[PDB]
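[1] sequence and experimental coordinates follow.
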Amino acid sequence: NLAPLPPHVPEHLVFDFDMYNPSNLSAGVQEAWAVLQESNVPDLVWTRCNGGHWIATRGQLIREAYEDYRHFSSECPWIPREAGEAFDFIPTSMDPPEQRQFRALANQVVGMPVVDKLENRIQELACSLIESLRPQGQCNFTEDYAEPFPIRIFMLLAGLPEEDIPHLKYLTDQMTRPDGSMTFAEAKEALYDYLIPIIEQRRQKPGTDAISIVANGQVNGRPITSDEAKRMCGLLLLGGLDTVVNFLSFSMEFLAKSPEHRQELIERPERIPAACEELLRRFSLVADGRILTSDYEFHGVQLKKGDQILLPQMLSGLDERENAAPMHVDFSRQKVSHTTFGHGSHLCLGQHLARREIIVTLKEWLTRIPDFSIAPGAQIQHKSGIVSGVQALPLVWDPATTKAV
Ligand code: HEM
Ligand SMILES: Clc1cc(Cl)cc(Cl)c1
Ligand SMILES: [K+]
C-alpha cells in the first residue's frame, strides 16, 4: 500500500495516486488521472504507492523533464522500481548521446517510409475486417478489431506468424498492466526467450522483415550484437502490440457514445485527420517516467538522486493550462496541444504507423458502419498502467444502416 515517506519529501506534497488502480477509474482512466489536475493539487506531488515516487501533473513540467535528459535519465523508466531496473530495452532505456545510434536503426524499420509501403496492406485489412463484421450488427470491438487490425500489421512487418499473437500479447500486457501472474522481469525474460532463436536465424538467412533488418543492422557503422538486437526487437514488439490496440478502443467508444461527432466525420470526411489528433490528445494513454541522475531542485522541489518521477505523457494534453475545456473533444480545436507520442529525444518512432492505422480505421468504419452504439446497458471498464486501455467494448448496430464497399 503506502511506502513510508522518504525524509526529504515534503509531507504537504503527498498525493497517493496509484497509477495501476486509480481512485476515479470508473469515471474513465483519463478522468481518473485528471484528478491530479484538480484545484488544489501541486505541479509536482509524491505518491507513496507502488514503492513511492514523484509525479509531475502539468504539461509545462512534464515537458521540461523529458527535455532534460541529464537530470531525468530514461535508464529506469518504469514503475515500480524493480521493473524500471530490469527494463533494458533499446533505445528506450538509453539517453543521448549513446541512445541515438540505436534510435536511428530502429527508425529505419518502423518509420514513415516503411509506413508508406505498408499503406495498401493496412487498408486491405481494415476493409477485410470491417466488411466481414458489417452484416453481423455487432462485435466486441477489442477482440474483433482493435487487436487484430494493429497486431496483424505489426506481425507482418516483423514477419512473425500470427499463431504467436496470444502469447506475445499476454507477455506485453504483463508489462503495461500486470495482472499479477508475472513480474516485469519474468515477462521480459520470456519475451527475450522468444526472440533469441529468431534473431540468430534471421542472422544467417537475412529476410526483409523488421527483425532481420535490426538483426543484421549497424549502429553508426559497427555491427549490432545479437543481444543488442534482442533488446531492440523486444521493444518494437512492445510498441507494436500494446499501443494502437488500446487507443482505437478509446476512440471508437467515444464515437459510439457521440452521434454528433460521428455525423461530423460522415458529412465532412476531410476532417478525419484533425479528429485523429484531437482524439489522440483527448484519449492519450501512455505514462512512463525517469530517474534522477543526481540531487536536483526542480520547480521549488528537492529531488534526490535515485528518486523516480512519473512524467505522464497522458496529462499534458488534458492540462487546462494547455487546452481550454480539455475534456471536450472538438474536431475543430485550433491548436491541439499534447505529448501523446512523448516529448524529447525519445519521441515515438511509431507515430506515423499509429496515425495511418488510426486514420484508415476511422475512414473505413464510418464508410460501412456510420451508425453504431455501445451494447445496451453495457458498463465500460478501463484499466490503468504504463499504457491504459479498455477491457471490452461491445458494439451493436442495425445491418440495414450499413453499406458495403
Ligand atoms: C497510439 C499509439 C502510440 C503511442 C501513444 C505511443 C507513445 C509512445 C511514447 C509516449 C513513447 C516515449 C517513451 C519514453 O519517452 O519513455 C514511445 C516510444 C516509442 N514507441 Fe510509440 N507509441 C505508439 C505506437 C507505437 C508503435 C505502433 C510503434 C512501433 C512498433 C511504437 C514504437 C516506439 C518506439 C520504438 C519507441 C522508442 C523511442 C526511443 O526510446 O527513442 N510506438 N511511444
Ligand atoms: Cl515505455 C513504452 C515503450 C514503447 Cl515501445 C511504447 C510505449 Cl506506448 C511505451
Ligand atoms: K534499467
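    Done, it's in. Residues are numbered from 1 along each chain as shown. Ligands and ions are numbered 1, 2, ... in the order given.
[2] next, count neighbours for the closest residue to ligand 2 within the chain.
    As assessed by C-beta to the nearest ligand atom, ligand 2 sits closest to residue 239 within the chain, at 2.9 Å. For the C-beta atoms, the positions are set from N, CA and C on the backbone; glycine is no exception. By other C-beta atoms under 10 Å, the residues close to residue 239 number 22.
[3] ligand 1 contacts on this protein?
    74, 77, 91-92, 103, 106, 110, 154, 235-236, 239-240, 243-244, 247, 286, 288, 313, 340-342, 346, 348-350, 353-354 (C-beta under 6 Å from any ligand atom).
[4] do a quick rundown of the strands in this protein.
    Taking DSSP state E as the criterion, the chain carries its strands at 44-47, 53-56, 72-73, 138-140, 218-219, 222-223, 288-292, 296-298, 301-303, 308-311, 373-374, 382-383, 389-390, 394-396.
[5] can you name every helix or strand that the longest one contacts?
    Under the contact criterion of 3 or more C-beta pairs under 8 Å, 6 or more residues apart in numbering; DSSP states H and E, strand 288-292 touches strand 72-73, strand 308-311.
[6] highest mean neighbour count out of the ones you listed?
    strand 308-311 (a mean of 24; mean count of other C-beta atoms under 10 Å).
[7] partner strands of that strand, with direction?
    Here strand 308-311 has these sheet partners by DSSP bridges: strand 53-56 (parallel), strand 288-292 (antiparallel).
[8] okay if I get those strands as JSON lines plus mean neighbour count?
    Formatted as JSON lines, these follow (neighbours: other C-beta atoms under 10 Å):
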{"stretch": "strand 53-56", "mean neighbour count": "26"}
{"stretch": "strand 288-292", "mean neighbour count": "23"}
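[9] reformat those into a markdown table and put distance to residue 124 next to each item.
    Listed next are the strands paired with strand 308-311 as a markdown table, based on distance: least, C-beta to C-beta, whole Å:
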| stretch | distance to residue 124 |
| --- | --- |
| strand 53-56 | 42 |
| strand 288-292 | 33 |
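[10] so which of the ones you listed is nearest residue 133?
    Of all those, strand 288-292 sits nearest to residue 133, with 33.4 Å by C-beta to C-beta.
[11] is any part of the closest one close to ligand 2?
    Yes - counting by C-beta under 6 Å from any ligand atom, ligand 2 has neighbours in strand 288-292: residue 288.
[12] gap between that strand and the chain center?
    For strand 288-292, the gap between its own C-alpha mean and the chain's C-alpha mean amounts to 16 Å (C-alpha atoms, centre = their mean, to the nearest Å).
[13] ok, and what's touching that strand?
    53, 65-66, 71-79, 84, 303-311, 313, 386 (C-beta atoms under 8 Å, 6 or more residues apart in numbering).
[14] and stretch 229-241, by the same measure?
    Counting by C-beta under 8 Å, 6+ apart, 88-93, 102, 105-106, 109-110, 150-151, 154-155, 157-158, 165, 168-169, 172, 175-176, 188, 191-192, 195-196, 198-199, 203, 210-211, 214-215, 217, 224, 348-350 sit against stretch 229-241.
[15] can you check stretch 332-352 too?
    59, 62-63, 66-67, 69, 74, 91-92, 95-96, 99-100, 103, 106-107, 110-112, 115, 239-240, 243, 271, 274, 277-278, 280-281, 284-286, 313-314, 316-317, 322-323, 354.
[16] I figured residue 367 hits residue 402, correct?
    No - using C-beta atoms under 8 Å, residue 367 makes no contact with residue 402, being 9.7 Å away.
[17] which residues of the stretch 51-200 of the chain lie near ligand 3?
    76, 85, 87 (C-beta under 5 Å from the ion).
[18] so among the residues you listed, which ones count as buried?
    76, 87 (16 or more other C-beta atoms under 10 Å).
[19] what's the closest of the residues of the stretch 51-200 of the chain next to ligand 3 to ligand 1?
    residue 87 (9.6 Å).
[20] out of the strands of the chain, flag the one nearest residue 25.
    The nearest among the strands of the chain, by C-beta to C-beta, is strand 382-383 at 6.3 Å.
[21] what's in contact with that closest one?
    Under C-beta under 8 Å, 6+ apart, the answer for strand 382-383 is 25, 28-29, 32, 177, 388-391.
[22] next, give me the two most distant ones among the residues you listed.
    28 and 177 (15.7 Å).
[23] sort out which residues of stretch 320-329 are buried, please.
    322-323, 326, 329.
[24] what sits up against that stretch?
    Outside stretch 320-329, the residues touching it (C-beta under 8 Å, 6+ apart) are 30-31, 34, 37, 58-60, 254, 258, 261, 278-279, 281-282, 316-319, 333, 335-338.
[25] out of these, which end up buried?
    Applying 16+ other C-beta under 10 Å to the contacts of stretch 320-329 flags 30, 34, 37, 58-59, 254, 261, 278-279, 281-282, 316-319, 333, 336, 338 as buried.
[26] what residues does the stretch 101-250 of the chain have near ligand 2?
    Counting by C-beta under 6 Å from any ligand atom, the stretch 101-250 of the chain sits next to ligand 2 at 235, 238-239, 243.
[27] which ones among the residues you listed are found in helices?
    235, 238-239 (DSSP state H).
[28] looking at the contacts of strand 382-383, spot the one nearest ligand 3.
    When the contacts of strand 382-383 are compared for distance to ligand 3 (C-beta to the ion), residue 177 wins out at 19.7 Å.
[29] measure how buried that closest one is and give me the count.
    If you count neighbours by other C-beta under 10 Å, residue 177 ends up with 17.
[30] what does the one 4 residues further on give?
    A total of 9 residues lie near residue 181 under the criterion other C-beta under 10 Å.
[31] please name the nearest non-neighbouring residue to it.
    Spatial nearest neighbour of residue 181, excluding adjacent residues (C-beta to C-beta, 6 or more residues apart in numbering): residue 174 at 6.7 Å.
[32] surely the one you found and residue 188 touch.
    No - using C-beta under 8 Å, residue 174 is not in contact with residue 188; the gap is 9.3 Å.
[33] list the buried ones in stretch 201-218?
    In stretch 201-218, counting by 16+ other C-beta under 10 Å, buried: 202, 209-217.
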